[PDB]
$ cat data.txt   # compact mmCIF, C-alpha atoms and all ligand atoms
# COMPACT_ATOMS: atom_id res chain seq x y z
CA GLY A 128 -32.86 92.03 -187.53
CA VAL A 129 -29.50 90.49 -188.59
CA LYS A 130 -27.77 87.54 -190.36
CA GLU A 131 -28.47 84.11 -188.85
CA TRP A 132 -27.28 80.53 -189.51
CA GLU A 133 -28.08 77.23 -187.95
CA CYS A 134 -24.84 75.59 -186.94
CA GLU A 135 -23.69 72.12 -186.02
CA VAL A 136 -21.73 71.71 -182.78
CA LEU A 137 -18.33 70.17 -183.48
CA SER A 138 -16.78 70.23 -180.02
CA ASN A 139 -17.93 71.12 -176.51
CA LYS A 140 -15.11 69.99 -174.22
CA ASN A 141 -13.96 71.65 -171.00
CA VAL A 142 -10.89 73.83 -171.46
CA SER A 143 -10.64 74.89 -167.79
CA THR A 144 -12.86 74.18 -164.82
CA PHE A 145 -15.64 76.57 -165.78
CA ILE A 146 -14.91 77.37 -169.43
CA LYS A 147 -15.94 75.07 -172.25
CA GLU A 148 -14.45 75.56 -175.67
CA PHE A 149 -17.65 75.62 -177.69
CA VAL A 150 -16.97 75.03 -181.38
CA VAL A 151 -19.70 75.33 -184.03
CA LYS A 152 -19.68 74.95 -187.83
CA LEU A 153 -21.68 76.94 -190.41
CA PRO A 154 -23.65 75.27 -193.24
CA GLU A 155 -21.38 74.19 -196.13
CA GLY A 156 -19.95 77.07 -198.14
CA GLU A 157 -21.33 79.51 -195.59
CA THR A 158 -19.02 82.00 -193.88
CA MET A 159 -19.09 84.78 -191.27
CA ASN A 160 -17.05 87.87 -192.14
CA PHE A 161 -16.03 89.51 -188.89
CA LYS A 162 -13.40 91.79 -187.40
CA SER A 163 -11.39 90.32 -184.48
CA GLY A 164 -13.03 90.99 -181.17
CA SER A 165 -16.58 91.08 -182.53
CA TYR A 166 -19.20 88.83 -180.98
CA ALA A 167 -22.05 86.60 -182.08
CA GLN A 168 -25.39 85.69 -180.55
CA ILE A 169 -26.90 82.35 -179.65
CA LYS A 170 -30.60 81.64 -179.55
CA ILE A 171 -31.35 79.94 -176.28
CA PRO A 172 -34.75 78.17 -176.44
CA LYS A 173 -37.21 77.14 -173.74
CA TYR A 174 -35.62 74.24 -171.89
CA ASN A 175 -34.85 72.30 -168.75
CA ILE A 176 -31.56 70.85 -167.53
CA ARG A 177 -29.83 69.03 -164.67
CA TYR A 178 -26.10 69.80 -164.20
CA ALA A 179 -25.57 66.08 -163.52
CA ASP A 180 -25.87 65.67 -167.28
CA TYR A 181 -22.75 67.64 -168.07
CA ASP A 182 -19.60 66.17 -169.63
CA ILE A 183 -16.53 67.18 -167.61
CA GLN A 184 -13.04 65.62 -167.86
CA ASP A 185 -11.28 63.96 -164.88
CA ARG A 186 -9.11 66.98 -164.11
CA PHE A 187 -11.86 69.59 -164.05
CA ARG A 188 -14.55 67.73 -162.23
CA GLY A 189 -12.74 68.17 -158.87
CA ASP A 190 -14.11 71.62 -158.02
CA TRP A 191 -17.61 70.62 -159.16
CA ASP A 192 -17.52 67.84 -156.58
CA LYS A 193 -16.36 70.27 -153.91
CA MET A 194 -18.99 72.91 -154.55
CA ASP A 195 -21.74 70.36 -155.29
CA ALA A 196 -22.33 71.92 -158.69
CA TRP A 197 -23.74 68.63 -159.94
CA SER A 198 -26.81 69.34 -157.85
CA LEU A 199 -27.73 72.50 -159.77
CA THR A 200 -30.65 72.58 -162.24
CA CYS A 201 -31.86 75.30 -164.63
CA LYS A 202 -35.27 76.01 -166.20
CA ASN A 203 -35.68 78.61 -168.96
CA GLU A 204 -39.27 79.54 -169.70
CA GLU A 205 -38.80 82.11 -172.45
CA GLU A 206 -36.73 82.15 -175.65
CA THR A 207 -33.78 84.52 -175.49
CA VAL A 208 -30.53 85.61 -177.09
CA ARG A 209 -27.01 85.90 -175.68
CA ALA A 210 -23.64 87.37 -176.60
CA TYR A 211 -20.44 85.37 -177.10
CA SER A 212 -17.13 86.69 -178.48
CA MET A 213 -15.32 84.94 -181.37
CA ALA A 214 -12.12 83.35 -180.19
CA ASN A 215 -10.63 82.31 -183.51
CA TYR A 216 -9.24 84.73 -186.04
CA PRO A 217 -11.29 85.93 -189.01
CA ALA A 218 -9.27 83.78 -191.40
CA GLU A 219 -11.49 80.84 -190.42
CA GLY A 220 -14.98 81.60 -191.67
CA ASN A 221 -17.29 78.71 -190.86
CA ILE A 222 -15.76 77.04 -187.84
CA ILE A 223 -16.55 79.52 -185.09
CA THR A 224 -14.88 78.95 -181.74
CA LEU A 225 -16.32 80.28 -178.48
CA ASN A 226 -15.27 80.31 -174.79
CA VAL A 227 -18.18 79.92 -172.41
CA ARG A 228 -18.00 80.48 -168.65
CA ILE A 229 -20.78 78.53 -166.92
CA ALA A 230 -22.61 81.12 -164.83
CA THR A 231 -23.01 79.30 -161.52
CA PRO A 232 -25.06 81.16 -158.91
CA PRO A 233 -23.50 83.01 -155.93
CA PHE A 234 -22.06 80.84 -153.14
CA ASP A 235 -23.68 81.67 -149.78
CA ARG A 236 -20.90 81.00 -147.26
CA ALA A 237 -23.55 81.25 -144.48
CA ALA A 238 -25.22 77.88 -145.25
CA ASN A 239 -22.24 76.56 -147.31
CA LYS A 240 -24.57 76.06 -150.29
CA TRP A 241 -25.38 78.23 -153.31
CA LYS A 242 -27.58 81.18 -152.37
CA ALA A 243 -30.95 79.50 -152.12
CA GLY A 244 -33.55 79.78 -154.86
CA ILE A 245 -31.24 81.68 -157.20
CA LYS A 246 -31.15 80.43 -160.79
CA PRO A 247 -27.92 79.69 -162.66
CA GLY A 248 -27.29 81.38 -166.00
CA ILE A 249 -30.03 80.38 -168.42
CA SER A 250 -27.72 80.72 -171.40
CA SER A 251 -24.39 79.39 -170.24
CA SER A 252 -26.30 76.46 -168.65
CA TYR A 253 -27.87 75.50 -171.99
CA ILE A 254 -24.65 75.75 -173.95
CA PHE A 255 -22.92 73.56 -171.39
CA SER A 256 -25.46 70.85 -172.07
CA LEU A 257 -24.64 70.83 -175.79
CA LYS A 258 -22.98 67.93 -177.49
CA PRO A 259 -21.33 67.14 -180.84
CA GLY A 260 -24.09 66.78 -183.42
CA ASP A 261 -26.44 69.35 -181.94
CA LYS A 262 -27.84 72.44 -183.65
CA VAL A 263 -27.74 76.08 -182.57
CA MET A 264 -29.09 79.26 -184.09
CA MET A 265 -26.40 81.89 -184.32
CA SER A 266 -26.17 85.43 -185.63
CA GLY A 267 -23.31 87.85 -186.15
CA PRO A 268 -21.02 89.60 -186.27
CA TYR A 269 -21.66 92.39 -183.79
CA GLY A 270 -19.69 94.85 -181.74
CA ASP A 271 -17.11 97.61 -181.94
CA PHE A 272 -14.20 96.18 -179.97
CA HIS A 273 -11.32 96.26 -182.55
CA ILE A 274 -7.57 96.79 -182.98
CA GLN A 275 -6.49 100.38 -183.58
CA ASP A 276 -4.56 101.34 -186.70
CA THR A 277 -1.39 102.49 -184.94
CA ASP A 278 2.27 101.55 -184.64
CA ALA A 279 1.76 101.84 -180.87
CA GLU A 280 2.85 99.24 -178.33
CA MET A 281 0.03 96.90 -177.36
CA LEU A 282 -0.50 95.41 -173.92
CA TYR A 283 -3.24 92.76 -173.63
CA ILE A 284 -4.75 92.00 -170.23
CA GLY A 285 -7.03 88.99 -170.06
CA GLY A 286 -8.93 87.17 -167.32
CA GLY A 287 -11.38 84.25 -167.37
CA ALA A 288 -13.45 83.72 -170.51
CA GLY A 289 -12.11 87.10 -171.61
CA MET A 290 -9.56 84.98 -173.45
CA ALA A 291 -11.90 84.92 -176.41
CA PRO A 292 -11.66 88.43 -177.89
CA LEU A 293 -7.96 88.91 -177.13
CA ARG A 294 -6.96 85.58 -178.67
CA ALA A 295 -8.92 86.44 -181.81
CA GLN A 296 -7.14 89.79 -182.05
CA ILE A 297 -3.70 88.34 -181.21
CA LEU A 298 -4.13 85.48 -183.66
CA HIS A 299 -5.17 87.97 -186.29
CA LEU A 300 -2.24 90.24 -185.52
CA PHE A 301 0.33 87.45 -185.88
CA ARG A 302 -1.09 84.59 -187.97
CA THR A 303 -2.57 86.73 -190.76
CA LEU A 304 -1.17 90.25 -190.52
CA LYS A 305 2.27 89.07 -189.34
CA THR A 306 2.67 92.39 -187.54
CA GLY A 307 5.81 94.17 -186.50
CA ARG A 308 4.14 95.92 -183.62
CA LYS A 309 5.34 95.14 -180.09
CA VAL A 310 2.70 93.12 -178.29
CA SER A 311 2.46 91.58 -174.84
CA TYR A 312 -0.44 89.52 -173.49
CA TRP A 313 -0.80 89.15 -169.72
CA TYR A 314 -3.45 86.59 -168.79
CA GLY A 315 -4.49 85.98 -165.19
CA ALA A 316 -5.83 82.66 -163.98
CA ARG A 317 -6.51 81.45 -160.46
CA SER A 318 -4.20 78.37 -160.71
CA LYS A 319 -2.12 76.29 -163.13
CA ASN A 320 -5.03 73.96 -163.96
CA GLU A 321 -7.07 76.87 -165.28
CA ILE A 322 -4.75 77.95 -168.07
CA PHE A 323 -5.65 77.25 -171.69
CA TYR A 324 -4.39 78.12 -175.18
CA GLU A 325 -0.86 78.42 -173.82
CA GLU A 326 0.97 76.56 -176.57
CA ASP A 327 -0.78 78.66 -179.25
CA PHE A 328 1.05 81.63 -177.75
CA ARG A 329 4.40 79.88 -177.07
CA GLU A 330 4.42 79.16 -180.81
CA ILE A 331 3.85 82.77 -181.72
CA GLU A 332 6.51 84.13 -179.39
CA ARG A 333 8.98 81.66 -180.95
CA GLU A 334 8.33 83.19 -184.39
CA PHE A 335 8.01 86.84 -183.35
CA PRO A 336 10.50 88.52 -181.01
CA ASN A 337 7.92 91.31 -180.73
CA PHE A 338 5.36 89.23 -178.86
CA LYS A 339 5.46 88.10 -175.22
CA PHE A 340 2.96 86.09 -173.24
CA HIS A 341 2.90 85.94 -169.46
CA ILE A 342 0.67 83.93 -167.16
CA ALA A 343 0.00 85.09 -163.58
CA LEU A 344 -1.70 82.89 -161.04
CA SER A 345 -3.74 84.50 -158.26
CA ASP A 346 -4.21 81.45 -155.99
CA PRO A 347 -1.57 78.92 -157.14
CA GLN A 348 -2.08 75.39 -155.80
CA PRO A 349 0.77 73.30 -154.27
CA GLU A 350 0.53 70.85 -157.17
CA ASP A 351 1.37 73.56 -159.68
CA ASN A 352 5.09 73.61 -158.86
CA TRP A 353 4.73 77.20 -159.92
CA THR A 354 7.86 79.21 -160.57
CA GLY A 355 6.27 82.13 -162.46
CA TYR A 356 4.43 85.35 -161.68
CA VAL A 357 1.90 85.28 -158.88
CA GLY A 358 -0.85 87.66 -157.74
CA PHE A 359 -3.37 90.09 -159.16
CA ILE A 360 -2.96 90.71 -162.90
CA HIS A 361 -2.62 94.50 -162.54
CA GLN A 362 -0.15 94.04 -159.68
CA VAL A 363 1.88 91.57 -161.75
CA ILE A 364 1.77 93.82 -164.81
CA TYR A 365 2.77 96.95 -162.90
CA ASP A 366 5.40 95.33 -160.68
CA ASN A 367 7.39 93.80 -163.52
CA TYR A 368 6.82 95.68 -166.77
CA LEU A 369 5.08 99.03 -166.33
CA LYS A 370 6.81 100.39 -163.23
CA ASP A 371 10.14 100.36 -165.06
CA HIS A 372 8.72 101.35 -168.46
CA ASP A 373 9.82 104.64 -170.00
CA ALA A 374 6.35 105.74 -171.14
CA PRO A 375 3.28 103.73 -170.06
CA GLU A 376 1.06 106.39 -171.62
CA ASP A 377 2.02 105.54 -175.22
CA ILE A 378 0.63 102.08 -174.91
CA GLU A 379 -2.73 100.86 -176.10
CA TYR A 380 -4.34 98.61 -173.52
CA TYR A 381 -6.67 95.90 -174.74
CA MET A 382 -8.32 94.11 -171.85
CA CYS A 383 -11.21 91.76 -171.36
CA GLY A 384 -12.16 90.11 -168.10
CA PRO A 385 -14.40 90.32 -165.01
CA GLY A 386 -15.47 93.50 -163.22
CA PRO A 387 -13.03 93.32 -160.31
CA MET A 388 -10.04 92.60 -162.57
CA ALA A 389 -10.96 95.46 -164.93
CA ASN A 390 -11.70 97.99 -162.18
CA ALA A 391 -8.44 97.23 -160.34
CA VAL A 392 -6.59 97.77 -163.65
CA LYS A 393 -8.46 101.04 -164.24
CA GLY A 394 -7.57 102.34 -160.79
CA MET A 395 -3.96 101.30 -161.34
CA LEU A 396 -3.62 103.02 -164.72
CA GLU A 397 -5.30 106.14 -163.27
CA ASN A 398 -2.66 106.61 -160.56
CA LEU A 399 -0.02 105.75 -163.15
CA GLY A 400 -1.18 108.77 -165.15
CA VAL A 401 -2.32 106.80 -168.21
CA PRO A 402 -5.14 108.72 -169.94
CA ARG A 403 -8.51 106.98 -170.28
CA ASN A 404 -8.51 106.93 -174.09
CA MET A 405 -5.54 104.54 -174.16
CA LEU A 406 -7.57 101.77 -172.59
CA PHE A 407 -9.85 99.58 -174.71
CA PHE A 408 -12.22 97.49 -172.58
CA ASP A 409 -14.66 94.81 -173.78
CA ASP A 410 -17.32 94.60 -171.08
CA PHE A 411 -18.99 91.21 -170.65
CA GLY A 412 -21.61 93.05 -168.56
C1 LIG M 1 -20.45 91.92 -176.03
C2 LIG M 1 -20.44 90.77 -175.06
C3 LIG M 1 -19.60 89.69 -175.31
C4 LIG M 1 -19.57 88.60 -174.44
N1 LIG M 1 -18.73 87.55 -174.74
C5 LIG M 1 -18.69 86.48 -173.88
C6 LIG M 1 -17.84 85.43 -174.17
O1 LIG M 1 -17.15 85.50 -175.21
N2 LIG M 1 -17.80 84.35 -173.29
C7 LIG M 1 -18.60 84.32 -172.16
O2 LIG M 1 -18.58 83.37 -171.38
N3 LIG M 1 -19.43 85.37 -171.88
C8 LIG M 1 -19.48 86.45 -172.73
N4 LIG M 1 -20.33 87.50 -172.44
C9 LIG M 1 -21.30 87.31 -171.32
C10 LIG M 1 -22.46 86.46 -171.82
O3 LIG M 1 -23.10 87.14 -172.87
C11 LIG M 1 -23.47 86.15 -170.73
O4 LIG M 1 -23.74 87.30 -169.95
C12 LIG M 1 -22.97 85.01 -169.87
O5 LIG M 1 -23.00 83.86 -170.68
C13 LIG M 1 -23.88 84.77 -168.68
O6 LIG M 1 -25.21 84.83 -169.12
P1 LIG M 1 -26.22 83.62 -168.79
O7 LIG M 1 -27.46 83.71 -169.65
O8 LIG M 1 -25.51 82.30 -168.93
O9 LIG M 1 -26.60 83.83 -167.25
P2 LIG M 1 -27.80 84.80 -166.76
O10 LIG M 1 -29.18 84.14 -166.70
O11 LIG M 1 -27.75 86.08 -167.60
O12 LIG M 1 -27.26 85.08 -165.26
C14 LIG M 1 -25.92 85.47 -165.03
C15 LIG M 1 -25.53 85.22 -163.58
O13 LIG M 1 -26.37 85.97 -162.72
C16 LIG M 1 -26.86 85.15 -161.68
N5 LIG M 1 -28.20 85.59 -161.19
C17 LIG M 1 -29.42 85.50 -161.83
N6 LIG M 1 -30.37 86.04 -161.02
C18 LIG M 1 -29.78 86.49 -159.88
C19 LIG M 1 -30.27 87.12 -158.73
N7 LIG M 1 -31.58 87.31 -158.57
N8 LIG M 1 -29.40 87.46 -157.71
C20 LIG M 1 -28.05 87.19 -157.82
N9 LIG M 1 -27.56 86.56 -158.96
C21 LIG M 1 -28.41 86.21 -159.97
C22 LIG M 1 -26.83 83.72 -162.20
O14 LIG M 1 -26.56 82.79 -161.17
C23 LIG M 1 -25.68 83.76 -163.19
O15 LIG M 1 -24.50 83.35 -162.54
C24 LIG M 1 -20.38 88.58 -173.30
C25 LIG M 1 -21.21 89.66 -173.05
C26 LIG M 1 -21.25 90.75 -173.92
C27 LIG M 1 -22.15 91.90 -173.61
$ encode --input "data.txt" --output "structure tokens" --more "lines below"
Ligand SMILES: Cc1cc2nc3c(=O)[nH]c(=O)nc-3n(C[C@H](O)[C@H](O)[C@H](O)COP(=O)(O)OP(=O)(O)OC[C@H]3O[C@@H](n4cnc5c(N)ncnc54)[C@H](O)[C@@H]3O)c2cc1C
Amino acid sequence: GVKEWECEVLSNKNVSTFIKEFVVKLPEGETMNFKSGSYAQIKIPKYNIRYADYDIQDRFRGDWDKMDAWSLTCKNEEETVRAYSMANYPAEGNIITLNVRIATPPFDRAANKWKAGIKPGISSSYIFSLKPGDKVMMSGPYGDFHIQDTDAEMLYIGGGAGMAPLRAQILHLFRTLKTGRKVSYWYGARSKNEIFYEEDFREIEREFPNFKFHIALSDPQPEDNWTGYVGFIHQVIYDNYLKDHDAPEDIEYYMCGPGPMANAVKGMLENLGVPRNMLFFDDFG
């Protein structure tokens, strides 16, 4: 039993192909005190929705056409609660920003459809239907995933909607603390179109020599005209930075992203002789 507001939705626009930037506001003069990397919880009610009702911009709708995502529907028959990480820094109290990955079902290559009779994500699917002016019930903060009090080097590894916690921590580190720690953020996206929040970080690195941001694309598309790093995030990170680093084991690793990306990083660190307690992982489950 924890703190709960009803919030108005300011903005639910697509920020990549499958991540909406979901922005809600607390009642006037209300505020959520949280530490960066904590998460909140949305009440998802009973409901019904067709994916054909979703608002997607010209440049993101392309993959939805390909996969026939517009044909999906989702019925939720029991009220529930779901976790989403805060993506803005704690200095903004009543405009909470979230990053929501729409949980499409598995794609059954055998019939070239989605695996039949499997429901999409009852929570992500509801949030995606939300529009400016709507109301959501939200509680927080929760969670333990926080910056360590050290002078240590930090290396951030993000993937997918795992942007949320890192960005909150990195924004806190540089916009409010104005830290002197050395900090790199390596974010992996499938292609150029799927990057977001880039300028936020280009700004920071222009003000702080001690911060670097690198993007690595796993499946770059011809239209990207892509001159930068390419491949798996852990491969990119190891190939360029770590391999030649004097002491990888003195670094704190903050990562958030999907199971494959995390596990492949874990296995990499392990061989590299980095001890488990130097890795801080926020598990989206
Ligand atoms: C601490 C924490 C923080 C988190 N922060 C974020 C965040 O900041 N942003 C974010 O996007 N997510 C975050 N997550 C994940 C998020 O909470 C949800 O898990 C995510 O939104 C998907 O849940 P859902 O209700 O939308 O889908 P669910 O109904 O939970 O289903 C998830 C997926 O499973 C599939 N599925 C359902 N049944 C089957 C089946 N029978 N066989 C095969 N597949 C099936 C669905 O198609 C769907 O793709 C966080 C999780 C935790 C624990």
$ residues_near_ligand --input "data.txt" --ligand "ligand LIG 1 (chain M)" --cutoff "6 Å" --atoms "only C-alpha atoms and all ligand atoms" --output "JSON, numbers by chain"
{"A": [166, 209, 210, 211, 212, 226, 227, 228, 230, 231, 232, 245, 246, 247, 248, 249, 250, 251, 252, 288, 291, 411, 412]}
$ closest_residue --input "data.txt" --among "A:167, A:344, A:194, A:238" --to "residue 358 (chain A)" --atoms "only C-alpha atoms"
A:344
$ closest_residue --input "data.txt" --among "A:325, A:374, A:319, A:312" --to "residue 339 (chain A)" --atoms "all atoms listed in the file"
A:312
$ atom_distance --input "data.txt" --atom1 "CA of residue 273 (chain A)" --atom2 "CA of residue 296 (chain A)"
7.7 Å
$ atom_distance --input "data.txt" --atom1 "CA of residue 317 (chain A)" --atom2 "CA of residue 345 (chain A)"
4.7 Å
$ residues_near_point --input "data.txt" --point "(-24.3, 88.8, -189.5)" --cutoff "6 Å" --atoms "all atoms listed in the file" --output "PyMOL selection string"
chain A and resi 129-130+266-268
$ write_last_selection --input "data.txt" --atoms "C-alpha atoms" --output "PDB file, in the frame of the given file"
ATOM      1  CA  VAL A 129     -29.500  90.490-188.590  1.00  0.00           C
ATOM      2  CA  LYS A 130     -27.770  87.540-190.360  1.00  0.00           C
ATOM      3  CA  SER A 266     -26.170  85.430-185.630  1.00  0.00           C
ATOM      4  CA  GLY A 267     -23.310  87.850-186.150  1.00  0.00           C
ATOM      5  CA  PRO A 268     -21.020  89.600-186.270  1.00  0.00           C
TER       6      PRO A 268
END
$ closest_residue --input "data.txt" --among "A:406, A:279, A:316, A:257" --to "residue 144 (chain A)" --atoms "all atoms listed in the file"
A:316
$ atom_distance --input "data.txt" --atom1 "CA of residue 214 (chain A)" --atom2 "CA of residue 285 (chain A)"
12.7 Å
$ residues_around --input "data.txt" --residues "region 307-310 of chain A" --least-positions-apart "3" --cutoff "7 Å" --atoms "all atoms listed in the file" --output "PyMOL selection string"
chain A and resi 278-282+337-339
$ write_last_selection --input "data.txt" --atoms "C-alpha atoms" --output "PDB file, keeping the file's coordinate frame"
ATOM      1  CA  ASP A 278       2.270 101.550-184.640  1.00  0.00           C
ATOM      2  CA  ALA A 279       1.760 101.840-180.870  1.00  0.00           C
ATOM      3  CA  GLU A 280       2.850  99.240-178.330  1.00  0.00           C
ATOM      4  CA  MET A 281       0.030  96.900-177.360  1.00  0.00           C
ATOM      5  CA  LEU A 282      -0.500  95.410-173.920  1.00  0.00           C
ATOM      6  CA  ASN A 337       7.920  91.310-180.730  1.00  0.00           C
ATOM      7  CA  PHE A 338       5.360  89.230-178.860  1.00  0.00           C
ATOM      8  CA  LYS A 339       5.460  88.100-175.220  1.00  0.00           C
TER       9      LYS A 339
END
$ closest_residue --input "data.txt" --among "A:204, A:366, A:321, A:409" --to "residue 384 (chain A)" --atoms "only C-alpha atoms"
A:409
$ residues_around --input "data.txt" --residues "residue 131 (chain A)" --least-positions-apart "4" --cutoff "12 Å" --atoms "only C-alpha atoms" --output "PyMOL selection string"
chain A and resi 153-154+157-159+167-170+263-269
$ residues_around --input "data.txt" --residues "residue 184 (chain A)" --least-positions-apart "3" --cutoff "10 Å" --atoms "all atoms listed in the file" --output "PyMOL selection string"
chain A and resi 140-144+181+187-189
$ closest_residue --input "data.txt" --among "A:302, A:283, A:183, A:392" --to "residue 335 (chain A)" --atoms "only C-alpha atoms"
A:302
